[PDB]
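Okay, so we've got the same protein chain twice, two forms, each given alone as structure tokens, structure 1 and structure 2.
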Structure 1
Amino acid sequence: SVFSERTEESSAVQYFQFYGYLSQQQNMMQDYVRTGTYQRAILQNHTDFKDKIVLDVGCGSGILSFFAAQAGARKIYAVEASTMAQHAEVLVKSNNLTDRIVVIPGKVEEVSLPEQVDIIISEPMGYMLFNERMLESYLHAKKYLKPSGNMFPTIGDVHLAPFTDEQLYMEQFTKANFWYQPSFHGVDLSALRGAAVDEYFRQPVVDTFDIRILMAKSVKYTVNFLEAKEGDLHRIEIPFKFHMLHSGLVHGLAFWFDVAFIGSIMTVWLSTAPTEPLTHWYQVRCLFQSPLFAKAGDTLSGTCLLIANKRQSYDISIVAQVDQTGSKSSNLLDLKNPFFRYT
């Protein structure tokens, strides 16, 4: 299948094991911004669901499929690869919806659906939008979408902005400085100093922050889920040019994302921006090993390149330079090893 060809079996097993726990579905369900906004998108666009055929990609507990059923969907195929599929089946029965929600266990890349659908619904967003590579499954599922069918969410916007945060920088450098020791219990560790700095600075920082740390207006990169192909997400190139609003040290780039549900009645937005109420996605920051100095009015330009790997994640390179001075930073990000800093 397309999934197994792009996914290490080792990664896939642990991945779907993780989502088979009720505690994990609960954590997601209790993100009220997430769950409430999905419900609003669907119910406020009920005419996009009434008497329609729906596919829920990765249904989990089934919660989005219940929302499609509240909106009057005639038939909802709820596909789920983890053992959570069996818990969804239980809720479909106890909610008396056996004639409308059909749970189909397995990967959306591998199952058979009896018919084409009017609309696909999913929550495939990970950290920094792309983590976990579930958007590829979402796009793959379009083989079941009628021409002129819709996608909920319809588009995804990644936002990037430079930040200054000396304390965060020093926190990570302090941990790395362990490997500078020339006599840890009599052992010289210092030859690994470089490897340790590299490793810690490869960790995306997952937490929230005050918007006053942002040094320029964000740049937006848009993915249109109606148009994009699965293969497009194997290589994601995000160019940026920031007009610096403040002078200082740029310690890295901050990332967040919005998705829009573009329905017939209205467009509903789900935002994970630092200006919005907190979600379980928080925000994500890359750090530079060496911060870049820039003054207000300078431009900071470069690219964030995401190259998909077999662990349902990405090898990320961020290159940024202050155009006026040629001060450049090249960085790697290991999205598989995030630092969850939030308390």
Structure 2
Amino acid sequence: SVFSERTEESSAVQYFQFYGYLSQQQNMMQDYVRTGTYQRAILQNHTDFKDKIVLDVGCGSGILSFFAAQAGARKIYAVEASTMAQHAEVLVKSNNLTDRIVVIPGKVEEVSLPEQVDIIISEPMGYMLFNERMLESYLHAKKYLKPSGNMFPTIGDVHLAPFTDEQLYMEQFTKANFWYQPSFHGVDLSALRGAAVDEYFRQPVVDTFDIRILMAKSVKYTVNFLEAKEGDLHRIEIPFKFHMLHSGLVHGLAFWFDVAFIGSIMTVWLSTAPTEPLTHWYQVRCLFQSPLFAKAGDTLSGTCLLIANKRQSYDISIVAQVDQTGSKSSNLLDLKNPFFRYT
């Protein structure tokens, strides 16, 4: 299947094992921003659900399907590939909704759905939006969508902005300099110091930060879920040219994302920006290998190139340059294995 062809089996085993835990459902459900916003988007656009056929891709415990039922949906197909599907079926029965919600265990790329649907709902966002490659499963489900059907969320914006964080940058060398000693219990560790450094710089940093470290307005890369094909997410090239609002050393790029639920009655926004209340997605920062000095009014231009891999994630290639000085840096990071730095 499409999912098997793009995913190493060992990554998939561990991925769905994670999502088999009720504690992980609980983690996401207790994110009031996440859960409350989805609920508001669905209920405030009840006309998009009233008497409609709905597909819920990756339903977990089924909360979004219950929200679609609260909004008057006629029939809701909930697809979930982890063992959480069995727990969802328990919730459907205990909530007396077996007539309206059908739980279908399995991957959306492999299950058979008997009907075309009026609207697809899902929470396919990983950290930095694209991790997990669940957006491609969400887009793949459009084979079940009627023409002129809708998608909730309807669009995803990923935002990129340059940041300055001297302490974060220097922390990488303080940790790697553990290896720069000539007699650790009589052993010279120095020869591995460079490898230690490279290892830390390949890790994106998942945590939050003060918005005052941002040095330019973000650049936005929009994915329109109604228009896009899943092939669009295999290679994502995000050009940027930041107009620097502050002067100082740029140590890397900071990432967050928004999604919009574009309903017939209103549009509702779920945001993970650092200007908004913190969510379980936090934000993500990728360091440059070397900082770039940029005066306010200079332009920082480059590309962030996301290349999907068979570990349900992306390799991140960042190149950046201060146009007015020609100073360049880059880095190559493994999104699958970030450093969770939040305290």
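The term rigid core refers to the maximal set of C-alpha atoms that superpose within 1.5 Å between the two forms. Every residue number counts along structure 1's sequence, beginning with 1.
The comparison between the two structures, aligned on the rigid core, picks out a single residue among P239, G106, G231, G194 whose CA moves by 2 Å or more, and that residue is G194. Relative to the superposed rigid core, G72 undergoes a CA displacement smaller than 2 Å between the two structures. Superposition on the rigid core between the two structures places the CA atom of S183 2 Å or more away from its counterpart. Relative to the superposed rigid core, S218 shifts its CA by 0.7 Å between the two structures. Look at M170: with the core superposed, its C-alpha moves 1.1 Å between the two structures.
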